[PDB]
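**Q** Quick one: structure below, then a few questions.
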There are 2 protein chains.
Amino acid sequence: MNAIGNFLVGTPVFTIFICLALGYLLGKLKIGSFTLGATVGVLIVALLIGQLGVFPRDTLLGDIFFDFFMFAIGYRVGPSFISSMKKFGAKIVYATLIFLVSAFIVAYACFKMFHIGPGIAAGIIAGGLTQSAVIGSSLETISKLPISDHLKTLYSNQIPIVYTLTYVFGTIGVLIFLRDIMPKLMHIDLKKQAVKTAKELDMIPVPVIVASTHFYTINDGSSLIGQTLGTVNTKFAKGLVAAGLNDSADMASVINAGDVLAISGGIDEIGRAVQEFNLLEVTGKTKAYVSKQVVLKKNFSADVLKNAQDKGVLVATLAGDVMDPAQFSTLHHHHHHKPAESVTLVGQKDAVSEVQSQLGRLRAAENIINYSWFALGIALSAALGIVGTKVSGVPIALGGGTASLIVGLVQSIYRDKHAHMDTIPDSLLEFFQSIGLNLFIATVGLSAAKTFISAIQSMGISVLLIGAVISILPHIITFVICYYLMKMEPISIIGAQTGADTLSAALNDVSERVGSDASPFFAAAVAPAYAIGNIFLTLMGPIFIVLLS
Amino acid sequence: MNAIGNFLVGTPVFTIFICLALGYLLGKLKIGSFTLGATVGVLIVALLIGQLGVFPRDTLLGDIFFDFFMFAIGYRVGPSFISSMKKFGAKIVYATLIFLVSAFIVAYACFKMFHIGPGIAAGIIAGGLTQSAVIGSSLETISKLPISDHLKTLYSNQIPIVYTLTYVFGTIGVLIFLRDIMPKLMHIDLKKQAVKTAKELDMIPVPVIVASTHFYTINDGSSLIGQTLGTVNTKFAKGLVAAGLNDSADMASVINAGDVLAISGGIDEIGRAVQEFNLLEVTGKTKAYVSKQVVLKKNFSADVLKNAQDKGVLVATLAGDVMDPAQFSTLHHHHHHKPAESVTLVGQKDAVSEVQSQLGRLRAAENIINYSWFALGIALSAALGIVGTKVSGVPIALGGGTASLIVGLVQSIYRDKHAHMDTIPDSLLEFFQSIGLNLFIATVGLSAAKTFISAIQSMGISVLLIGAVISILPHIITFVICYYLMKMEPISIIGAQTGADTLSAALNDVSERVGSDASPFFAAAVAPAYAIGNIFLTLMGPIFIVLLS
């Protein structure tokens, strides 16, 4: 057991990554009533392994990875954030403030009764509400408070112990209440309700007929023979444009026998045209027919957007389906706001390239990774989380969470505004969201493992129960209020309570249960509540440690 | 300048991530004769920023990220490794040993002349050949050596200084010689030569006609009306199988007017069938027609693989193109080795599902991420890099590099053998390869920044020139030998020299210049040379520090 501990402490990489492996395993496992979050599995694994020896927490590792997690969350919700805000901002901020005042009142009422102290009280606050800066705030506060050095040392030792005692439950029990008990209580399904709430907003588009380019070998005896490519393109209805005979786009070459006519358009229209002209389709050994996404530069005329078809170029929505000609006027640009609309040009390389150069600039493929963009994002997230101020002598700061969310939001919004620059693949963003918070949790659990059982031994039974009460009851009361009176959206209420409590494990877990469809809406509903609750709790800890004097 | 330094040292996250942003920028920039590696840009940025204050290097950060980089390299080359080995293993190991003996002889000849000492000699070795364990080996060696404490302290202080002095050049100049001067010297292009060398091996398949399922509305007046689906499927030649009338796979329902016949097969064959039967194509609003990749369980009969077509199921290669019926015998499984071949089943959900259950199990989509697999991989990479032994009192160990490469190799090979389990997306693997080594470089450069200029001031001019010579000349001599005599593959020689020198920046840079096509072949050509050179250099440092006495 001690050789195990020596090897472990001497190999932190292995100690931490084996914590994540078994953690994700425990998360995957389940009995029936939903499953355990990968985050919760990693937490359990880390708290158990930490019982072997002593494990020093790196604050330049868990910090980096929590930054990754929150910046990914913020960078995914960038576009859909403003809309979900304009939709439910009033309701979500009301819920956040209701939960905050209810938590304050509950903590005050519980600390009025029971053997209670200011250090233990601040520890219960920091632990049961999942706030690791309340410790620092209340510690500096009690330092400023005019008390004997012995009492100050006593409280400064008591606070972190009770924090780690209540932290396990503040992370697990509240998560299980918000993710499992709370949906079933509102008589809904988390996944279905979330995906339908997101569909209700313009962020989950429906499938579209991809307007592609087919190739047809002109066998002998067809009415198209001897006829000019331009004449055929004219004969083609709307949604169908003759991409070109053979591999050229000259609308003057005569269609001869044995050539290959390429046509761009929707599948149904192309099938009808094939039946009418009895066309023989062929694989088409040619790459000279490519589709390109172009971001329209304001003041683009549209005369070229109109002559697209007459030029052998199919213009379609960014989704893919060929766009109605009149809809060229929805690409108007007026007033300001400027989320530039993007077109898709299909056809011959020369014609498509000229129409693109006339319309705008090529949109960057999401598959490409903008390493410098990601690096600057993380750097500025850190620089903004370091920012802070003092309120009544209490030091407060955005911290990693709120600053990372804000930087992700603004950076994703700017990238969506200027779509010519590369971005971060959503696969990488999901990987960050999943791995960063779980590494943070593994480190903090390895650090607070032995401490947790020590606190269970000393002042364990009563304090842990009081902390569980303080953590769950505010959620119950604010949920009752919100749902049964204000009648807010269930997923919106869940996001608001997850934010107001600063429970980042809830973010990750509810997102992985809801899927990448309504995950943007959930993150949007969380972010503002997250910031407000972070501030008010970092201030709530010290006011309590002062009141208790 | 000092407020800058205070803010920087107080915000390591920002200090490191702004180093990566500007680093990737400097890498992107270029004049004409190729560009600067993103790694080299990050190195320059870190060495310049480090000139502000003092920056402590986290060994549980750079270590994790270098592990990520090397494990990604090893996990991508898993499948293609064994083949490239069987192809050029003799040549690559010959090149590795030739380079090692030439470097040893060059170092000995240069240390015989010039004001030379054992500490400075070991420092030049550790710096100009990019080996940060030579420091530890030679330090423990000189510790064991029976000398006055003053001399031991003198040498132990001299070694790291000369190491950091020569490290910048060992990372930049040798990289520029192997990536730019060396290809042009062999009169080739790195990208083209690499991609064609990889094409020469079965790892870059050519495009294939994707055998898809089309839908055709049975207008009135077609010869298929009143005819049974089974009869039509029979009438369909090879490569064409009637997926089913409407949305069912019963080969007894009569084809009525207004129904929709779905047909699976290649585009050319389907076009010929459409022309012959004058079929009207339609978008097809149905998901009940799906394609599934199945891993064949040994002892699968093939009778079902034969009845696939007669059942309304198109069997195709994993690539997509419908496979020749006789080729069902290439899916034989015999002897052992067992890289189970996978089929693709297209058609109706019920028929395809039954044929799959009869043939094998569903292959996992690469888009899914196996977090537990990745975690266990990193953990075991660390546990294996910790392994080591002693040779003549010299401590040696696999370290992070060789152990991570071995674990990646074996884990990727096992996942390719058992394809039912998820994997790591190649996008994530590329992101790791790019970001991990560059973070390692940023940290080590921030740490060795002030030290580098200090060493430039003290014993700077002569030592840096001698180190540049020791670093470049071995490459020149071994390249001459290999190319102009042994006549090995250019890309193979480059990979062998990159491995033998333990220059991980060369791995990353040459891979990003060659692309994901021949990058597996390059990593395969590197790995063995990497291990052998790592060992022989960790042993070469101490033997030199001993000889110099």
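So you can find residues: chains in the structure tokens are A, B, ... in the order shown, residues in each start at 1, and ligands are numbered from 1 in order.
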Need the shell around residue 512 in chain A: protein/DNA/RNA residues with any atom at most 9 Å away, counting only C-alpha atoms. Skip same-chain ones fewer than 4 positions apart. Format as a ChimeraX atom specification?

**A** /A:37,434,507-508,516,519

**Q** Which residues of chain B have any atom within 6 Å of an atom in chain A when counting only C-alpha atoms, and what is the closest pair of atoms for each, with the distance in Å to one decimal? Order the rows by chain and rising number and write it as JSON lines.

**A**
{"residue": "B:14", "atom": "CA", "partner": "A:379", "partner_atom": "CA", "distance": 4.2}
{"residue": "B:17", "atom": "CA", "partner": "A:375", "partner_atom": "CA", "distance": 5.1}
{"residue": "B:18", "atom": "CA", "partner": "A:379", "partner_atom": "CA", "distance": 5.8}
{"residue": "B:21", "atom": "CA", "partner": "A:372", "partner_atom": "CA", "distance": 4.2}
{"residue": "B:24", "atom": "CA", "partner": "A:372", "partner_atom": "CA", "distance": 6.0}
{"residue": "B:267", "atom": "CA", "partner": "A:283", "partner_atom": "CA", "distance": 5.6}
{"residue": "B:268", "atom": "CA", "partner": "A:282", "partner_atom": "CA", "distance": 4.6}
{"residue": "B:271", "atom": "CA", "partner": "A:281", "partner_atom": "CA", "distance": 4.1}
{"residue": "B:272", "atom": "CA", "partner": "A:280", "partner_atom": "CA", "distance": 5.8}
{"residue": "B:275", "atom": "CA", "partner": "A:280", "partner_atom": "CA", "distance": 5.2}
{"residue": "B:278", "atom": "CA", "partner": "A:275", "partner_atom": "CA", "distance": 6.0}
{"residue": "B:280", "atom": "CA", "partner": "A:275", "partner_atom": "CA", "distance": 5.2}
{"residue": "B:281", "atom": "CA", "partner": "A:271", "partner_atom": "CA", "distance": 4.1}
{"residue": "B:282", "atom": "CA", "partner": "A:268", "partner_atom": "CA", "distance": 4.6}
{"residue": "B:283", "atom": "CA", "partner": "A:268", "partner_atom": "CA", "distance": 5.2}
{"residue": "B:372", "atom": "CA", "partner": "A:21", "partner_atom": "CA", "distance": 4.2}
{"residue": "B:375", "atom": "CA", "partner": "A:17", "partner_atom": "CA", "distance": 5.1}
{"residue": "B:376", "atom": "CA", "partner": "A:21", "partner_atom": "CA", "distance": 5.8}
{"residue": "B:379", "atom": "CA", "partner": "A:14", "partner_atom": "CA", "distance": 4.2}
{"residue": "B:382", "atom": "CA", "partner": "A:14", "partner_atom": "CA", "distance": 5.9}

**Q** Would you mind listing what lies within 12 Å of residue 202 in chain B as a PyMOL selection string, with only C-alpha atoms counted and same-chain residues fewer than 6 positions away left out?

**A** chain B and resi 79-84+87+195-196+517-518+520-521

**Q** With C-alpha atoms kept, could you save the residues just selected as a JSON list (two decimals), in the first residue's frame?

**A**
[["chain", "number", "residue", "atom", "x", "y", "z"],
["B", 79, "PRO", "CA", -1.64, 0.20, -38.78],
["B", 80, "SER", "CA", 0.88, 1.32, -41.40],
["B", 81, "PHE", "CA", 3.85, 0.82, -39.05],
["B", 82, "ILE", "CA", 4.48, -2.90, -39.58],
["B", 83, "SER", "CA", 4.46, -2.54, -43.37],
["B", 84, "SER", "CA", 6.87, 0.39, -43.57],
["B", 87, "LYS", "CA", 9.95, -2.35, -46.15],
["B", 195, "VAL", "CA", 3.02, 11.49, -50.76],
["B", 196, "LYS", "CA", 4.36, 9.36, -53.62],
["B", 517, "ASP", "CA", -1.09, 11.01, -46.35],
["B", 518, "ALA", "CA", 2.57, 10.05, -45.90],
["B", 520, "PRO", "CA", 2.19, 7.58, -41.10],
["B", 521, "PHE", "CA", 5.12, 6.39, -43.22]]

**Q** Fewer than 3 positions away in the same chain doesn't count, so skip those; otherwise give me all residues within 9 Å of residue 130 in chain B, counting only C-alpha atoms, as a list in words.

**A**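 After dropping sequence-adjacent residues, the list is residues 125, 126, 127, 163, 166, 167, 170, 171, 471, 501, 502, 503 and 504 of chain B.
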
**Q** Which residues are close to range 136-153 of chain A, i.e. within 8 Å by only C-alpha atoms, leaving aside same-chain residues fewer than 2 positions away? Reply as number ranges by chain.

**A** A: 122, 132-134, 155-157, 393-396, 538-539, 541-543, 545-546

**Q** Using the selection just defined, write its residues with N, CA and C atoms as a PDB file, in the first residue's frame.

**A**
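Ended up saving to selection-v1.pdb:
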ATOM      1  N   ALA A 122     -18.737  29.415   6.821  1.00  0.00           N
ATOM      2  CA  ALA A 122     -18.142  29.731   5.529  1.00  0.00           C
ATOM      3  C   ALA A 122     -17.691  28.470   4.808  1.00  0.00           C
ATOM      4  N   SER A 132     -15.081  27.721  -4.731  1.00  0.00           N
ATOM      5  CA  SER A 132     -13.753  27.614  -4.140  1.00  0.00           C
ATOM      6  C   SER A 132     -13.071  28.963  -3.954  1.00  0.00           C
ATOM      7  N   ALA A 133     -13.758  30.068  -4.248  1.00  0.00           N
ATOM      8  CA  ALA A 133     -13.248  31.399  -3.945  1.00  0.00           C
ATOM      9  C   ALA A 133     -13.876  31.993  -2.695  1.00  0.00           C
ATOM     10  N   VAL A 134     -15.019  31.456  -2.260  1.00  0.00           N
ATOM     11  CA  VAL A 134     -15.569  31.836  -0.965  1.00  0.00           C
ATOM     12  C   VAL A 134     -14.539  31.598   0.129  1.00  0.00           C
ATOM     13  N   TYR A 155     -10.447  29.423  12.749  1.00  0.00           N
ATOM     14  CA  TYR A 155     -11.404  29.530  11.651  1.00  0.00           C
ATOM     15  C   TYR A 155     -10.746  29.232  10.307  1.00  0.00           C
ATOM     16  N   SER A 156      -9.508  29.699  10.108  1.00  0.00           N
ATOM     17  CA  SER A 156      -8.827  29.454   8.842  1.00  0.00           C
ATOM     18  C   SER A 156      -8.526  27.975   8.645  1.00  0.00           C
ATOM     19  N   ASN A 157      -8.343  27.229   9.735  1.00  0.00           N
ATOM     20  CA  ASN A 157      -8.201  25.783   9.612  1.00  0.00           C
ATOM     21  C   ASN A 157      -9.549  25.095   9.431  1.00  0.00           C
ATOM     22  N   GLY A 393     -14.234  45.803   1.369  1.00  0.00           N
ATOM     23  CA  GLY A 393     -13.071  45.082   1.833  1.00  0.00           C
ATOM     24  C   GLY A 393     -13.017  43.628   1.422  1.00  0.00           C
ATOM     25  N   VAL A 394     -14.026  43.135   0.712  1.00  0.00           N
ATOM     26  CA  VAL A 394     -14.073  41.747   0.268  1.00  0.00           C
ATOM     27  C   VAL A 394     -13.485  41.686  -1.140  1.00  0.00           C
ATOM     28  N   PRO A 395     -12.420  40.917  -1.371  1.00  0.00           N
ATOM     29  CA  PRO A 395     -11.884  40.800  -2.735  1.00  0.00           C
ATOM     30  C   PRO A 395     -12.719  39.836  -3.567  1.00  0.00           C
ATOM     31  N   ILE A 396     -13.079  40.268  -4.772  1.00  0.00           N
ATOM     32  CA  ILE A 396     -13.848  39.452  -5.698  1.00  0.00           C
ATOM     33  C   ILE A 396     -13.211  39.571  -7.074  1.00  0.00           C
ATOM     34  N   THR A 538     -19.384  34.657  -3.950  1.00  0.00           N
ATOM     35  CA  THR A 538     -18.110  35.160  -3.453  1.00  0.00           C
ATOM     36  C   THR A 538     -18.331  36.289  -2.457  1.00  0.00           C
ATOM     37  N   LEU A 539     -19.425  37.038  -2.611  1.00  0.00           N
ATOM     38  CA  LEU A 539     -19.779  38.046  -1.616  1.00  0.00           C
ATOM     39  C   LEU A 539     -20.587  37.478  -0.453  1.00  0.00           C
ATOM     40  N   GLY A 541     -20.254  34.491   1.097  1.00  0.00           N
ATOM     41  CA  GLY A 541     -19.415  33.841   2.079  1.00  0.00           C
ATOM     42  C   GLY A 541     -18.947  34.795   3.166  1.00  0.00           C
ATOM     43  N   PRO A 542     -18.250  35.858   2.754  1.00  0.00           N
ATOM     44  CA  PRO A 542     -17.726  36.814   3.744  1.00  0.00           C
ATOM     45  C   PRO A 542     -18.794  37.507   4.572  1.00  0.00           C
ATOM     46  N   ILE A 543     -19.933  37.870   3.982  1.00  0.00           N
ATOM     47  CA  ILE A 543     -20.965  38.522   4.782  1.00  0.00           C
ATOM     48  C   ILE A 543     -21.441  37.582   5.882  1.00  0.00           C
ATOM     49  N   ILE A 545     -19.548  35.087   7.270  1.00  0.00           N
ATOM     50  CA  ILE A 545     -18.480  34.960   8.257  1.00  0.00           C
ATOM     51  C   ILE A 545     -18.393  36.207   9.128  1.00  0.00           C
ATOM     52  N   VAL A 546     -18.860  37.350   8.623  1.00  0.00           N
ATOM     53  CA  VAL A 546     -18.890  38.566   9.431  1.00  0.00           C
ATOM     54  C   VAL A 546     -20.092  38.557  10.366  1.00  0.00           C
TER      55      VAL A 546
END

**Q** So that I can see what lies close to residue 514 in chain B, please list as a list in words the residues with an atom at most 9 Å from it, counting only C-alpha atoms and leaving out residues fewer than 4 positions away in the same chain.

**A**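 Result of the neighbour search: residues 190, 191, 192, 193, 194, 195, 509, 510, 518, 519 and 522 of chain B.
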
**Q** Provide the CA of residue 286 in chain B to CA of residue 247 in chain B distance in Å, to one decimal place.

**A**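 Computing the Euclidean distance for CA of residue 286 in chain B and CA of residue 247 in chain B yields 7.7 Å.
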
**Q** Tell me, as a list in words, which residues lie within 9 Å of range 479-485 of chain B, counting only C-alpha atoms; anything in the same chain fewer than 3 positions away does not count.

**A** residues 91, 94, 95, 98, 99, 182, 186, 474, 475, 476, 488, 489, 490, 493, 494 and 497 of chain B

**Q** Based on the selection just made, write N, CA and C atoms of those residues as an mmCIF file, in the first residue's frame.

**A**
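This went into selection08.cif:
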data_model
loop_
_atom_site.group_PDB
_atom_site.id
_atom_site.type_symbol
_atom_site.label_atom_id
_atom_site.label_comp_id
_atom_site.auth_asym_id
_atom_site.auth_seq_id
_atom_site.Cartn_x
_atom_site.Cartn_y
_atom_site.Cartn_z
ATOM 1 N N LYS B 91 17.381 -0.616 -43.703
ATOM 2 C CA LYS B 91 17.997 0.631 -44.137
ATOM 3 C C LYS B 91 17.934 1.689 -43.041
ATOM 4 N N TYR B 94 20.354 0.825 -40.198
ATOM 5 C CA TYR B 94 21.703 1.110 -40.674
ATOM 6 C C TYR B 94 21.990 2.604 -40.608
ATOM 7 N N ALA B 95 21.050 3.422 -41.092
ATOM 8 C CA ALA B 95 21.245 4.867 -41.067
ATOM 9 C C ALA B 95 21.353 5.381 -39.638
ATOM 10 N N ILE B 98 24.790 4.415 -38.325
ATOM 11 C CA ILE B 98 25.819 5.192 -39.008
ATOM 12 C C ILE B 98 25.855 6.610 -38.455
ATOM 13 N N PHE B 99 24.682 7.227 -38.299
ATOM 14 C CA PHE B 99 24.622 8.572 -37.740
ATOM 15 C C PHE B 99 25.145 8.600 -36.311
ATOM 16 N N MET B 182 18.020 19.792 -46.934
ATOM 17 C CA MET B 182 18.253 18.390 -47.278
ATOM 18 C C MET B 182 17.360 17.922 -48.420
ATOM 19 N N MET B 186 18.825 16.606 -52.100
ATOM 20 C CA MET B 186 18.471 15.370 -52.785
ATOM 21 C C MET B 186 17.658 15.614 -54.050
ATOM 22 N N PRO B 474 27.336 15.667 -38.183
ATOM 23 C CA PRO B 474 26.879 14.268 -38.239
ATOM 24 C C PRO B 474 25.781 14.048 -39.263
ATOM 25 N N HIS B 475 24.818 14.968 -39.337
ATOM 26 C CA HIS B 475 23.762 14.855 -40.336
ATOM 27 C C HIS B 475 24.339 14.893 -41.743
ATOM 28 N N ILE B 476 25.259 15.822 -42.001
ATOM 29 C CA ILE B 476 25.836 15.935 -43.337
ATOM 30 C C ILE B 476 26.538 14.639 -43.721
ATOM 31 N N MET B 488 19.171 5.066 -50.373
ATOM 32 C CA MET B 488 17.909 4.828 -49.690
ATOM 33 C C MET B 488 16.855 5.830 -50.158
ATOM 34 N N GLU B 489 15.624 5.609 -49.721
ATOM 35 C CA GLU B 489 14.540 6.521 -50.068
ATOM 36 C C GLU B 489 14.776 7.869 -49.394
ATOM 37 N N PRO B 490 14.656 8.987 -50.120
ATOM 38 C CA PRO B 490 14.913 10.294 -49.486
ATOM 39 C C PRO B 490 14.102 10.525 -48.223
ATOM 40 N N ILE B 493 15.396 8.413 -45.472
ATOM 41 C CA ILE B 493 16.616 8.942 -44.868
ATOM 42 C C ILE B 493 16.284 10.086 -43.918
ATOM 43 N N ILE B 494 15.381 10.977 -44.333
ATOM 44 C CA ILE B 494 15.010 12.104 -43.481
ATOM 45 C C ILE B 494 14.401 11.600 -42.178
ATOM 46 N N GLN B 497 17.151 10.042 -39.910
ATOM 47 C CA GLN B 497 18.005 11.030 -39.255
ATOM 48 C C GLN B 497 17.231 11.821 -38.205
#
